[PDB]
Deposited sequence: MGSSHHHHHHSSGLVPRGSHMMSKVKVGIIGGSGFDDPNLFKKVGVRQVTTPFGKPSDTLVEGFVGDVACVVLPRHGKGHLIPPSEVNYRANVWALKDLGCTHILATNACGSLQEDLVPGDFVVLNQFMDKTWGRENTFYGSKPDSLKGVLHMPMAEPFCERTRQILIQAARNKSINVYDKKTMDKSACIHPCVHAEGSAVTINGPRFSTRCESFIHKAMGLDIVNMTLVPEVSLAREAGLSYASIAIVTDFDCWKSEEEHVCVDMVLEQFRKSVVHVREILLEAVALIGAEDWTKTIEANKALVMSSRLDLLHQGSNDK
């Protein structure tokens, strides 16, 4: 019944520290030390995904990061991800509480289970049709409302209500491997598929969190229009850094409010269901 919130911070990334934990996992070392402490009465653990941002997205040890948070007793993970927009409604400065993704990563360790010595014993086939924890998604959305940040829900709001900057209540991300950005050809193809944003760090992090029995939700920071618009609006690293810094302030407020909103509810049945889903997805029984 205990609740403990892990926070995985991307580009641009909270409380007074109780302890710094140098941990190891059976999958290797996490990206950095883990800082443990409290937000109000809620226990919380913070972990930077890139550790002085020297580790590219394809080389982050997502297994060790998620497992380390599980081993410190986290029940939830809140994650941030920098991204580029593929659609006109999503402009730099907006946020997206994602609910879908398309995976184009490769060469990353994306599961804890297998038949090799470097993995846990078993064959795990996890359902991923709706790959995030829906309860935690709505917490992020309500947190933005409580902090007087606009929310745009395309299902129930006219397009004229999309007042920027705003938090988009839904969205799909294509995760590319990096480190290069997309070509205009690739951006047009992803947009034609109906995708909303492009990023590099969401997958396999989201999949491993569900394998570990954790509730996971992501808030993406729109820093650019990818490269499907005008040449002045094409992505570079400086464009990504120049927008993260301005938006980090507001995503901090959202994260800290979401931690408090998580602590204000009972999660006994959701945590139980997270664990049961893993056990029922074991094909080796």
Q. If you line up the deposited sequence with the model, which stretches have no C-alpha coordinates?
A. 1 to 22, 36 to 39, 78, 313 to 320
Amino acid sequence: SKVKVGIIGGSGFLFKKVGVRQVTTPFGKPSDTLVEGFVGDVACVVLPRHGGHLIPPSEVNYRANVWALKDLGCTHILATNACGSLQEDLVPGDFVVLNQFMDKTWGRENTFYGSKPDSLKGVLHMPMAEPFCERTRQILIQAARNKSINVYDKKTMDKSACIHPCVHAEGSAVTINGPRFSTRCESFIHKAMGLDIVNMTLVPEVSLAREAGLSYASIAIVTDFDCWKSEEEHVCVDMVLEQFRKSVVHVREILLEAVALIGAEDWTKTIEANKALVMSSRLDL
From here on, numbers count along this sequence of modelled residues.
Q: Going by the average Cα B-factor in the PDB entry, point out whether 211 to 219 or 159 to 167 comes out higher.
A: 159 to 167
(Q) Averaging CA B factors per stretch from the PDB record, which one is higher: 126 to 134 or 146 to 154? (A) 146 to 154
Q.
Comparing recorded Cα B-factors across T175, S187, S172, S119, which one is largest?
A. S119
Q: Could you check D41, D224, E59, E257 and tell me which one carries the biggest Cα B-factor in the deposited entry?
A: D224
Q. How does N65 rank on Cα B-factor within its chain, lowest, middle or highest third?
A. lowest
Q.
What third of the chain does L72 rank in for C-alpha temperature factor, lowest, middle or highest?
A. middle
Q: Check where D89 lands among this chain's C-alpha B-factors and tell me if it's the lowest, middle or highest third.
A: highest
Q: Looking at the entry's B-factor column for C-alpha atoms only, identify whether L277 ranks in the lowest, middle or highest third of its chain.
A: middle
Q) Looking at the C-alpha B-factor of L261, is it in the lowest, middle or highest third of its chain? A) lowest
